Amino acid sequence: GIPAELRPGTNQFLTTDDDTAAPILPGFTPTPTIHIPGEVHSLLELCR
Amino acid sequence: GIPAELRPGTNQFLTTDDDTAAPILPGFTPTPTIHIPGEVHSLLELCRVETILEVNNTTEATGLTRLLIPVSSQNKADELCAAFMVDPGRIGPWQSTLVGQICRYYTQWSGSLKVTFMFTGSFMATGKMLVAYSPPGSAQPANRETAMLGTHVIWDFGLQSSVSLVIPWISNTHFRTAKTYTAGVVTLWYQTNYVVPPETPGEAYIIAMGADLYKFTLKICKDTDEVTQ
Amino acid sequence: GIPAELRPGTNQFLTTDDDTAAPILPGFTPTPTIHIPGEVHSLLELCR
Amino acid sequence: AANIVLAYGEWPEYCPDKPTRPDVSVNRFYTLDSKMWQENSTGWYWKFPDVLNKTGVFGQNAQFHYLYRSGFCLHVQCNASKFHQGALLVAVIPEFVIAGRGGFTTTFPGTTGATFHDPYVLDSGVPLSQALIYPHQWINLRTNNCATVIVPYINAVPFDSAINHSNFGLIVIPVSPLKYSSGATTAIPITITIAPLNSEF
Amino acid sequence: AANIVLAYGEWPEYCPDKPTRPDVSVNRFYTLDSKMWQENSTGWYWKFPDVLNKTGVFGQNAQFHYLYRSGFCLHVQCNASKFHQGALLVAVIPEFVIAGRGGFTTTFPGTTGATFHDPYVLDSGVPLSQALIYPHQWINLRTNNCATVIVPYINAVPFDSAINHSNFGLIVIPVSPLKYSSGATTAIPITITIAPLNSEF
Amino acid sequence: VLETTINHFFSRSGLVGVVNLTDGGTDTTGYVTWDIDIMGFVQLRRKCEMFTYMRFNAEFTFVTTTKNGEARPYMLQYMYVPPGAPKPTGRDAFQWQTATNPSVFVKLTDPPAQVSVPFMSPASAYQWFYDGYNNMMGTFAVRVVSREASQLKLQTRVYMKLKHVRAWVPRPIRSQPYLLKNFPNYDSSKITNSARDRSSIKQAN
Amino acid sequence: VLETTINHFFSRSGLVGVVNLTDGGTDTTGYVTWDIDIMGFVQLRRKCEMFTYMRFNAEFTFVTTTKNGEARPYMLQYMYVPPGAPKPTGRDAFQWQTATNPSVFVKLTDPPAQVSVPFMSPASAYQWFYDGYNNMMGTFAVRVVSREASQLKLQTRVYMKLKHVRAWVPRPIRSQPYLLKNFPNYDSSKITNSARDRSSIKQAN
């Protein structure tokens, strides 16, 4: 196979890490979105 | 999945290894940079700044006196004033400089140096000094004559107040190479006797300074023998 | 992450294997080469 | 005779983008009391902005105005006869910090300034031989009696409080002690002049 | 008759880029004392630069000047009647090192040179049969009485100290012993000539 | 020429500190906190003080062993408390569950954990000389993850490595011994000297 | 034709030495240093002496076992001391914490560690013949990482592999036994001969 070497930081769970998780129920299409007024894209929108 | 095989060197932590660590707090934007004057991109930038050699190092001199090369009118022509090694990395009166200090962080160096002298006498005093460089392999000169027989500068502080001498080349090699040392000597000779008019002190000081020319280089990082802990 | 499967031949040290080792002292630039006469590129050069 | 040292090589400038940029009597020549230097002396230092905290209209603008920015023009003169011999090292140390030898007067000496105890170590615990890595000029009575240093604004934040934080300091340390034959004036004065540059409040 | 052996095939040249490149009497023909070779002999060797350390003006320039660079032109002659028979192997060994048989004279024989103890092993512990992988020439009294070898400067560093380091050596070992009918001259001289090439100091 | 660059000068991860954890149930706290300080050991301390202002990112690695050092499959938790956040007061105290404090979970038998901490200051750079009236990077805390206290004794060795270092306004190198942390005090009575002494000034060797 | 190239001739990593470590607490040093020497065993030694000058990079691998050889999860530290640097004087001595000396940390149960050492000389090449008045590559040191000494007995087997080999000025191959390291001595009294002997020169078989 492709030769590789593991590196420190292996097998660690970082609570803030950004990564992908295996979808548990693939092929499932959720309910599509409709238009709800008053979407909020930031807290600064609220602070003001 | 993709077939792979692990390889020796796996699961090892190499202190000097270059690699990426998982950012612990992603999405955090640090404070952006502003412009601060005097950024430093290399140590060589520092080594090239000349600093004071402490040539008076002795049990006798204590305070700033150790930075001063004493000179008087009591001396006679042709007799030596002061002499010292050129060894930026050894123990001696390079140990007060940046070069002397930075070299402690590296095993091997080489290049050219610069040695500048500054005379503070009375304005009306006058006389000539002989600044001479004996290269490596030879002992310090025995008298002025043999000093005049090699690289040197006749320097009259009556006219010019400061002189710069340039050691052509140095390196630290054979000491470590034979393990698997002398270098240079600079001297100060009275050409004349220090000449003085009436009612002025008749005793002065020379202030030695040293620096690395652009040619100078360093290699093989290490740690200093100075620090205790 | 990227799904992978280990394969036999893993974690083995092959004395003749061709591979890379982690440089222990990176950023170190060795002494550059000069021209020395009589370089030898093969034993056959000697046998002759 | 014009020989001038730009610290680190950057002219003082106004901050890249409202603060006030007053010049009428604000930016002008302030001259301190002169220091009388003698054979046995140690040498002196000053703290900026502190030294000006009570002066003129600047000390007033130094008051209030919790945000402060400026550069300076420092001129140092020495009046000495041709029969005096000695030398002064004039340096400028950012974030100059006096340590304990084991007070606010040491941190904020005021207009008069303060004198060193152990100049060899700068009273920072640092070798004076290396003090030359700072913007500096020699005053050697054999040649020049005056030195001039231009300091831009140097800080890690664009603005700060002039009262509670002194940005840097100025240092005159005699390296070679004053020497004179008897009958000459026994104490040589040193004059200090501060011209603010591009002050903001 | 011109038959010349370039060692490794490179003409001596000046170093790729101040050192001195003197030629007046510096580069010229130096001729040693002649070695008288006899039936029972072993053979000889020389060390360079060493052999010239005290000679002429070169030994003077060999003195001081802790950096040294040069090539050489080596000519070796043998004066023998048509009634003498024998052969000499003339070789040049870089970094030739004599070992112990279990001294500085062995390492630095000087102008006269030195003689082998066990030539079969070269007194390096190395087979003489293989000595031919070195720039070399045969002197066979049946044909040629003279050999000439050109040696460039060979070292792992562009410059070195001629005093404490001998770069290489020269070796004349009789392979076939000298033989002559009675009444002929019983000892044949060998002459050595060294011409420096592209010397630097 | 490369080895002289500031960035190469602060590289080469090394040990910035050691803390001993013990799980004694009640008698022992069962956890340890270690404040982030570059200046703990004087080697690097002397090198950071060469400059007035610096900016960089930190990379840490935790080497941990049990007494004699034999390793066993226990779970550990390294939580990072950002500046201006409360530290865990107890083994099981609720700060360990605070989501804003990032944590990493690793079995003790695994290769050591690495973490990268970015530049945390409100100012544009760190400064180890402030004349007036510091630079808190954060804190790490460690415990063993179990319901019941598992009797165990640990020491963790924190190896830190700087990245993307930038410096400003160099200083002179300290010639006097450090009396204490956080202040540049020096003995006034005894003063060490830059260079050693020799017989006479007129003699070199 | 490929197998005759100099580079292929010095390839094929092999054992350059073995050192035995024992952790006896006080009675045993608890660590080992091994200076880097190509010439320890005479197989490769005879091959390096075939050439006057050589240049290359070194690649090392550490195989380690415990006595009978069963492996257990202990942490080990291989530190590399560059030339002209002090070696550890003791198990816990402060040189182990020196950042300029690179170290690698690995659990004993893991596959062996590899390290690449570049060309270290000040000159342009290594030379094993210097006539006048060597070639220190460095040193490795090993210990067990623990607070308390863990009673254990180890041997490490160092397998080294050259890379990017270049040679100059070939030599003849030594026909006489090596008396001692670092010097080309030979017995003068007894001298081995290149070829064996036969009955008569006029007879071949």
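Residues numbered from 1 in each chain as written, not as in the entry; some residues may be left out. Chains lettered and ligands numbered in written order. Part of a larger assembly, values for the part shown. Heavy atoms only, no water. Residues with missing side-chain atoms left out of burial classes, pairs and counts.

Listed as the method for this PDB entry is cryo-EM; the listed resolution is 2.7 Å.

It is worth spelling out the overall build of chain A at this point. Along the backbone of chain A there are 1 helix and 2 strands. Each helix and strand of chain A, placed in order from N terminus to C terminus, yields the pattern β-β-α. Principal-axis analysis of the C-alpha atoms places the extent of chain A at approximately 55 × 35 × 15 Å. Within chain A, buried positions represent 8% of all 48 residues. Here chain A displays about 4,500 Å² of accessible surface, and carbon together with sulfur accounts for 63% of that area. (Helix = DSSP H or I, 4+ residues; strand = E, 2+ residues; numbered from the N terminus. Buried < 20%, exposed > 50% of the residue type's maximum accessible area, 1.4 Å probe, protein only. Areas by Shrake-Rupley, 256 points an atom, 1.4 Å probe, with all protein chains shown as cover.)

Contact with chain A, which involves 9 residues of that partner, is made by 10 residues of chain F. When the buried surface of chain A facing chain F is broken down by residue, A:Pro8, A:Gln12 and A:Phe13 rank first, second and third, together holding 49% of it. The tally of links between chain A and chain F comes to 0 salt bridges. Connecting chain A to chain F are 4 residue pairs in polar contact. A class-by-class count of the residues in the side of chain A that touches chain F yields 3 nonpolar, 6 polar and no charged. As defined by bridge partners, strand 2 (residues 13-14) of chain A adjoins strand 5 (residues 103-107) of chain F across 2 bridges and the pair is classed as antiparallel. Bridge pairing links A:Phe13 to F:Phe105 in strand 5 of chain F. (Contact = heavy atoms within 4.5 Å. Buried area = accessible area lost by both parts, 1.4 Å probe. Salt bridge = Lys/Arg side-chain N within 4 Å of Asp/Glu carboxyl O. Polar contact = N/O pair within 3.5 Å; in protein donor to acceptor, adjacent residues only side chain to side chain. Nonpolar A, V, L, I, M, F, W, Y, C, P; charged D, E, K, R; others polar. Pairing = 2+ DSSP bridges.)

Next up on the list: the packing of aromatic side chains. Tallied over the entire structure, the rule returns 46 aromatic pairs over all chains. A network of ring pairs unites the aromatic residues F:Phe60, F:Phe62, F:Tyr78, F:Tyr80 and F:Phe140 as a single cluster. The positively charged end of F:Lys47 is found above the aromatic ring belonging to F:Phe9, 4.8 Å away from the centroid. The ring of G:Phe129 has G:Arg171 sitting right over it, with the charged end atom 3.8 Å from the ring centre. (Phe/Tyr/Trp six-rings, centres within 6.5 Å; stacked < 30°, edge-to-face > 60°. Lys NZ or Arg CZ within 6 Å of the ring centre and 35° of its normal.)

In this complex, chain F contributes 56 residues to the contact, which on the side of chain B involves 62 residues. Where chain F abuts chain B, roughly 5,200 Å² becomes buried across the two surfaces, and 57% of that area is made up of carbon and sulfur atoms. Sorting the residues of chain F by area buried against chain B places F:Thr4, F:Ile201 and F:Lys202 first, and these three jointly supply 12% of that buried surface. Inspection of the region where chain F meets chain B yields 3 salt bridges. With 8 residues, the single largest contributor to the side of chain F that touches chain B is strand 9 (residues 152-170) of chain F. When its residues are assigned to classes, the side of chain F that touches chain B shows 27 nonpolar, 16 polar and 13 charged.

A few words now on the arrangement of the chains. In this assembly 15 pairs of chains touch, with chains B and F having more contacts than any other pair. In this assembly chain A lies apart from chain D, the nearest approach of their C-alpha atoms being 23 Å. There is a clear gap between chain D and chain E: no contact, and 32 Å between their nearest C-alpha atoms.

Residues in a regular strand point their side chains to alternate faces of the sheet. All names here are of chain E. Across the 6 residues that make up strand 9 (residues 146-151), a large majority, 5, are buried. Summarising the sheet, strand 5 (residues 69-78) and strand 9 pair through 6 bridges and their orientation is antiparallel. Opposite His-75, over in strand 9, you have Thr-148 as the bridge partner.

The next subject is a nonpolar patch on the surface. On the surface, A:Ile2, B:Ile2 and C:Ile2 cluster together into a nonpolar patch covering about 330 Å² of accessible area. Secondary-structure assignment places A:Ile2 in strand 1 (residues 2-4). Note on A:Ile2: relative accessible area 51%, which makes it exposed. (Patch = residues over 30% accessible without salt bridge, like charges linked within 9 Å, V, L, I, M, F, W, Y side chains within 5 Å.)

Let us now look at the environment of G:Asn135. Looking at the element boundaries, G:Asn135 is found in the loop between strand 7 (126-127) and strand 8 (139-144). Engagement of the side chain of G:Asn135 in a polar contact is seen with the backbone nitrogen of G:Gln127, the distance being 3.3 Å.

Moving on to the nonpolar core. Of all hydrophobic cores here, the largest spans 120 residues; its most connected members are B:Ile69, B:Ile167, F:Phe10, F:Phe51, F:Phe60 and F:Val117. Considering every element that reaches this core, the biggest residue donor is strand 9 of chain F, with 7 residues. Leaving out residues up to four positions away in the same chain, F:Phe60 has contacts with F:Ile36, F:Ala113, F:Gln114, F:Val115, F:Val117, F:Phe140, F:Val158, F:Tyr159 and F:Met160. (Core = buried A, V, L, I, M, F, W, Y, C linked by side-chain atoms within 4.5 Å.)

A few words on the pattern of salt bridges. Under the criterion given, the structure shown has 26 salt bridges over all chains. A salt bridge links B:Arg144 to B:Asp78, with the shortest nitrogen-to-oxygen separation between them at 2.5 Å. Taken together, the residues span a long stretch of sequence, with B:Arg144 in helix 3 (residues 144-148) and B:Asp78 in the loop between strand 4 (69-72) and strand 5 (80-86) at a distance of 66 residues. With a relative accessible area of 38%, B:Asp78 lands in the partly exposed category. Notably, a salt bridge pairs E:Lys18 with E:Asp17, separated by 3.4 Å at the nearest N-O pair. No difference in accessibility class separates E:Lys18 from E:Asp17, as the two residues are exposed.

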